[PDB]
Amino acid sequence: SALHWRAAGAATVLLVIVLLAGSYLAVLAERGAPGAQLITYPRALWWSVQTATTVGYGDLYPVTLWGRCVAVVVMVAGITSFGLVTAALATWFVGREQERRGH
Amino acid sequence: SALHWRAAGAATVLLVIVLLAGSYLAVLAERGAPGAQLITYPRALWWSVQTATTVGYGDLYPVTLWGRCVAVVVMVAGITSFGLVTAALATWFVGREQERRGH
Amino acid sequence: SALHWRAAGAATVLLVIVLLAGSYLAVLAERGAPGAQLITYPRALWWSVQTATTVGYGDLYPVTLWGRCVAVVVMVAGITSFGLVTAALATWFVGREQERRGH
Amino acid sequence: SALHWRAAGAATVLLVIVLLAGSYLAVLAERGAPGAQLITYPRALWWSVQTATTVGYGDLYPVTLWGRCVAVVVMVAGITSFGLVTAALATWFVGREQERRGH
Amino acid sequence: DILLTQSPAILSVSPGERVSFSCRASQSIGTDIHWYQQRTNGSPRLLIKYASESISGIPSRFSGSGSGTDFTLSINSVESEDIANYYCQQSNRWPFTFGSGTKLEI
Amino acid sequence: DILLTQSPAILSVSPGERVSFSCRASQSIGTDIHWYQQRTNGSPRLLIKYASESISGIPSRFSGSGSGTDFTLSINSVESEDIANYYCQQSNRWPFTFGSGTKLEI
């Protein structure tokens, strides 16, 4: 089975792991900081997802250094993962256009 | 007609369907939750669009579990769709650069 | 001069035009709507830019139907433009990797 | 070592430089503007990162013309950098799919 | 939940005069406020929607204004047929809520 | 830190009647409010979570409502077993905080 498709898959399992860990680490880092709202697992998960997809509505965000550090990792993972899929879709289109022409 | 261009097209019709369904499902899921604002179709549609494009201004966002679940689907559809277009633009450029050289 | 690079260029001139028009149209559409904040050209321009790049901080956003319609166009233009550049960078890398191997 | 991978690397070192400079310039531009919040280095850095990744939660954003100008540069650098990586992942997948077939 | 305060409760005015009922939301609701009229023994009737948009069939005499937390329903030139109870209702946040009502009295 | 105000401090009511304790947050906390019951010498017991969600094992008699800054814990038809102290607690922002408490008295 083609590499680009393996990577895409990996990227997804990975992203999910990061989202989950991201949620846990965020709450762990944010609790103890007065005024912090990223302090319960369920919403933290919703937070990381909206962060990984880079949407970030602003209803939730870390205020501590480690929380933000966890945010960066999640942002980057989401961006890389989704970009890696786009890349897989390209290799797919490129590889098949070569077919519709012969090679 | 080339695959990458068919996919792009599909991706668009699809995204639109998801936006519409997303709008409906969001209101359906959010109503009944005190303080929720994602509760009328028109703005919900504006919400899903700004979510699909990943812009998300924060003026509107789901607060219930199903609403957020609907949000994730919309985010992912928007991201995949737009990424699939980028991929189509690449196959187009790549396929034609091969021409400007012969093959 | 290669197509992908022409497109990229076009995409940029275009995006700029859309940003400017977007700014104008936004103010035009938003004024007259009580509570609207997207009502002066300078910030509107800042608004469209942050919308085209899909960042959208939430400090400014349209509240009227035409304003949001203008927002969608700007979002899509920004997304397509930047994606078209990525696509150009790929055709460039792909075309040159073929060189580092012969063809 | 392949171009696409050199570019990706460069893009990253570059992005980091821009983030750092972006943080400095932002505080420099924002201080002096009543009500501005983008006025201390640490958070400014967190601001630029969330801007470069295009997430932008809205907890922090420039309000002055130069601050916004600095924001645009950061947005564009982040977008270009991450897009350049996606492009590198494509050249990688495309180049290797050609292998899994012979050439 | 959002609280809509309607004071004064009763409004006395001379025929033909201009009149205004106020509605205050406990929090900013944009323009998601709507106005209803209810005469003695009738059901409510939509007068103004979204704070200022007019409904068809409603005397051009009725106008709305406001945004955020302060909304006004005005009647330019009051007349006997206007004697009723006026309520405001918001759709900004769930659940929709109603004002206590203001009785127009000529 | 978020302040939870519970007034009145003491509530007097006749058997079978309906009763409501109020809890006001110094700032908007969504529905991140929870209610606890504590009888003479016992430990707190969760009654309602997240402002309105019910817990299993709690008489259907207990309900919750509210959002933002104003929350209500109602008991439809009070009875002797309800004589206790009632507290509210928020988890919206760190650190979790408690209300001063309201004593139900029949």
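Letters A, B, C, D, E and F mark the chains as written, and numbering starts fresh at 1 in each.
As a convention for this text, a residue touches a chain if its C-beta (ideal position, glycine included) is under 8 Å from a C-beta of that chain, and two chains touch if they have at least 3 such contacts.
By residue number, over half of the touching pairs seen at A-F are also found at B-E, the match among B-E, B-F or C-E. The greater number of contacting C-beta pairs, out of the two interfaces B-F and B-E, is seen for B-E. Each chain gets one centre point, the mean of its Cα atoms, and the points for subunit C and subunit E are 42 Å apart. Subunit E has its Cα centroid 51 Å from the Cα centroid of subunit D.
Put simply, the C-alpha centre of subunit D and that of subunit F have 48 angstrom between them. Distance between chain centres (mean CA atoms), subunit C to subunit D: 17 Å.
In subunit C, the residues that reach two or more other chains under the touch definition are 54-58, 63, 83, 86-87, 90, 94. Shown for subunit F are the residues in touch with two or more other chains, namely 65-68. Remark: subunit A residues 2-4, 7, 51, 54-58, 61, 63, 65, 68, 71-72, 75-76, 79-80, 83-84, 86-88, 90-91, 94-95 touch subunit D in the complex.
Looking at the complex, you find that subunit F touches subunit E at residues 65-68, 70.
The residues of subunit C lying in touch with subunit E in their complex are 33-35, 63. Of all residues in subunit B, those touching subunit D in their complex are 54, 57-58, 90, 94. Against subunit F, in their complex, subunit A makes its touches with residues 30-37, 39-40.
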